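Take a look at this one chain, the form deposited in one PDB entry, written out in structure tokens.
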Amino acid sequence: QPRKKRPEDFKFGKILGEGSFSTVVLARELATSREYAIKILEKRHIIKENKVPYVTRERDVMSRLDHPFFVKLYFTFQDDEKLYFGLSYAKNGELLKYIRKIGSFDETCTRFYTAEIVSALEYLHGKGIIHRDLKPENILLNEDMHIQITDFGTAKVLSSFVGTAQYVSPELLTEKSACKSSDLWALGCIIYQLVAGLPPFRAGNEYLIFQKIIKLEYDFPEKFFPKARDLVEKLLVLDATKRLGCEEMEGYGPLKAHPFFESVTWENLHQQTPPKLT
């Protein structure tokens, strides 16, 4: 093992973002010039808020992932007050940024990024890991414009937590259980948001959004790519055992074979040149 890193090994730079229990800061390792996104978590706050399980799971899940469509965890260390996780620096930021910037994706762009997401979910589910809070804010983009999915402290590892309201699956509201097919529901919402520019269930507060989700209350705009609409319809299904991609629907084969993805080559997407946005 390389020796444990420590804060004095880095020149810390700008804050990349701030969350409830952590802050992500750009850092340059002095010995190498390499840049990392270092997530910094204060131990007292985690302990006080009973978040030890989530921080431990984040580290344990990330250390298991070895795939190009996920943020990598390179190292961890801690001082008296703080934990530090050394992550890949995804230089192009959140997918959410591009959706806002561009408005909505054309069909080529929608299909390519949707295929990367499906391919990442196939890998994650194959290891028995459910993300449980998938959304455009934690699907990051590297400097080559491939995805890197992050934000694993809320993940479930298969042998309590409700995600961002827009992407919450009806089973979490109707019987508090999560399964692989909950991530496929979020996938449906994300595909919808790429094409439409907005997520499918929106309202002025969380209670109202939850009410639309359990009623399957959303509509497609007139413009929506027909094969993408057909795919979203087969993912936003109330019954979690009937979503394309789930085990009871015979898994990722039938999803990857959906007509929306006809021209996709699945085997080497990360070596393909992404289509330019917009």
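Note that residue numbering follows the sequence shown and begins at 1.
Omitted here: the form deposited with a small molecule bound. The next part is about that form.
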{"item": "Options 184 to 192, 171 to 179, 70 to 78, 108 to 116; stretch whose heavy atom lies within 4.5 Å of the small molecule in the bound PDB entry", "value": "70 to 78"}
{"item": "Partner contact for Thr56 in the bound PDB entry: the small molecule, 4.5 angstroms, heavy atom", "value": "yes"}
{"item": "Contact test in the bound PDB entry: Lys4 vs the small molecule, heavy atoms, 4.5 Å", "value": "yes"}
{"item": "Touches the small molecule in the bound PDB entry: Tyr84 (any heavy atom, 4.5 Å)", "value": "yes"}
{"item": "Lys43: touches the small molecule in the bound PDB entry, heavy atom cutoff 4.5 angstroms", "value": "yes"}
